[PDB]
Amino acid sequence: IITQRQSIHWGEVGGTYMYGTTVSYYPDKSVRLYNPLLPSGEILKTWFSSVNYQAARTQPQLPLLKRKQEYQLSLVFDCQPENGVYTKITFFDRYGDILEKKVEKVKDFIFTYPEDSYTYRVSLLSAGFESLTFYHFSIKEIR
C-alpha cells in the first residue's frame, strides 16, 4: 500500500550539514532548520538522482531526467531573511566529471538537462538564515 507524492522532501538527515544545526521533523514531512553559528556558502543538503543502497541506505530522491529536456524546478519553503538560502544544481557525466553548475537565488527557475549528463544533484546552500522551514520542491517537464 503506497502513498502518492507530487513533491520531493528532505528525506533522512544523513548528509545534512550538521555542525551547529538542529533539524526537526513534522508529520507533513516538512523540516525545520536552525543554525546561528553558520556562515554563507556551505551546502546544507544535497538530493541525488542515483545512489547505491549500501552506501546511501536511502533511495534516490530526484527523478530520472531526459537529456536535452527543459524542466521547471519549484522550491517551497519559508526562510526568515527571504534570501537566507539559495540553490545550486550540478550536472555530472557518466564518469563523474562536472559538466555544469547553475546557481539560482529564487524559488522557481528553468533548467535544461545537459546533453552529456548521467546523474545530477540539487543542493541547498546557506546565506545566514535565522529560521528555515523546508516543505518540498518539485521538478516537472515543460511541454
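In case it trips you up, residue 1 is the first one in the sequence shown, and so on.
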| property | result |
| --- | --- |
| Given 108 to 116 and 34 to 42, the range whose Cα B-factors average higher in the PDB entry | 34 to 42 |
| Between 98 to 106 and 74 to 82 (mean CA B-factor, as deposited), the higher | 74 to 82 |
| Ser126 CA temperature factor, ranked by third within the chain | highest |
| Among modelled residues of the same chain, the CA temperature factor third for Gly11 | lowest |
